[PDB]
């Protein structure tokens, strides 16, 4: 099927997806973007923790149900884009490849399959809080059982089942303190995920045999940046799959181009952030307000956070490579904190990135030329530094306007002009790269971000409400966390009820622990966390605050809905492939994983335009449906047609696609009238329009 739009599903039984196919057809999507489908750890909710590359997940219905879904989708005119996970597997006893290594050590065929630290005599596995061991059997074979975590026993160890300490001494692995370093490359700092050596061709072949055997339309590659040689992997993949699509999950910096021109693109955090930057207002006022809550230098914060992340999460991993490079740990740590991209892509015959490296350190550049392989190892940790320090710490501290605090965001950027957005789109004509606005990993859903950005349109009223609320509630949390909380409730508000109350508490504690200012995941400050949760309880029972909030929130909700509809219009009518996170056909207000993992629910889609659609909230589904179906009916027009910017006043953004489609959207909640040449049909309202057209609550998608 020809690719125009994707609908991302979190894990769902294949039979349940199959029975919803008519819905997806009606909505107008061309492709289902499925979560990983290979056998994972028991009851995995996400599928990123693979235990066997050879088997389709039985919990989801298994291989025959998968094939059935693929075939019935095809017959209904829908294709499949399949998420795959090459970088790592799960450390679990159902991972038979890994168990083979733990049982046989270096003599296992699979020792090279995983990225073990070869200088280590034994494979160190950080897990112990005590020495309380037992023996538990799996299919008649004895396992070392540490609180249900099972490890195999070699032939020598099996003579010592009644003497566990002696059994452990002769093992090829060593169980160590849970705070210690593992002797393998992980996914980021996740001890339970061990990295796979995709650079070895037999490992590529072995891990891709099953998943590539099915009649899907394309693939989405989890964490491409973890790979030793990502380009080579992508070339190997392209060679095996024929003409099927390849998309990568990869975070680009502003002005950074995807390194690999021979794949289809990324999952679209570039579009997410460029479009996000169109909806903010009043930088000066919002900056001034925040100066009085917390005045800090962003660059200093980022640099220091990166150094801290390296010391606390990756010290052994980086020390090892520093030793290989002949550069001291403190200098490599400093170099890593200097990088302004997720990673570089040096290979043994590609040194394009050497000036990026040199710019940060002359000595590091010199060490790279002398030890290319060692530096290529360093590259695999570069994204972990960036993600853990920036996405998972900095984004929870710098609270000027948290709609900007998103995966793929550079906090130096507060806004961009409509013209800068056009420059981005102009270069994208013909691309199949995704236009994303919400994902399973975004800090917020699109509709939350649109609400929070709407705050910046009325900053005087906002400042007034913030002060008023402070005086009503008398919070004993610090000013930055208070400002974070106010923005979060405004963005994510779903009624003063218990369900939402507990979601908000859960999220705020996560936000506090990520920021690591007053509390963290290792050492929980239960007292300070109680202050935050007590404040939220107080908010949901204090009558004055709720009345004040609901008056402000009624405004923000309306403003957010207008901005959201504009964003949807931009996503569908721009070059690129329109991506939808499950449920975002409707206004859906999601916070950070796990909040954004709540089950999708399906409703009947609206059948025609009615003025009441905006107020009852069904407008988003209608707009999504009509525009996706327009995209679909025009074949490849939205992919390949000319992109022609319009010159419009501030707060409006517009363009033509070819000579057929005129698009004008409001990024700000203000009154606008536009003059149009000749007659057009408004595809949302189904009205024939001419002359002066009002831009009210809806985007204008006008067809000639």
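Positions refer to the first chain, counted from 1.
Visitor: Can you let me know which of the two, 206-214 or 135-143, has the higher average C-alpha B-factor in the entry?
Guide: On average, C-alpha B-factors are higher across 135-143.
Visitor: Out of 627-635 and 481-489, which one has CA B-factors that are higher on average in the deposited record?
Guide: Looking at the record's C-alpha B-factors, the answer is 481-489.
Visitor: Which has the highest CA B-factor per the PDB entry: 60, 661, 40, 653?
Guide: Out of 60, 661, 40, 653, the record gives the largest C-alpha B-factor to 653.
Visitor: Looking at 171, 474, 266, 82, which has the highest Cα B-factor in the entry?
Guide: Comparing C-alpha B-factors across 171, 474, 266, 82, the maximum falls on 474.
Visitor: Can you tell me whether residue 383 has a C-alpha B-factor in the lowest, middle or highest third compared with the other modelled residues of the same chain?
Guide: According to the entry, residue 383 has a C-alpha B-factor in the chain's lowest third.
Visitor: Sorting by Cα B-factor within the chain, modelled residues only, which third would residue 364 end up in: lowest, middle or highest?
Guide: As the PDB entry reports it, the C-alpha B-factor of residue 364 lands in the highest third of its chain.
Visitor: Would you check the entry's CA temperature factor for residue 289 and let me know if it's in the chain's lowest, middle or highest third?
Guide: CA B-factor rank for residue 289: highest third.
Visitor: Please place residue 129 in the lowest, middle or highest third of its chain by C-alpha B factor as given in the entry.
Guide: Within its chain, residue 129 is a highest-third residue by C-alpha B-factor, going by the deposited values.
Visitor: Which third of the chain holds residue 1 when residues are ordered by C-alpha B factor: lowest, middle or highest?
Guide: Highest third - that is where residue 1 ends up once the chain's C-alpha B-factors are sorted.
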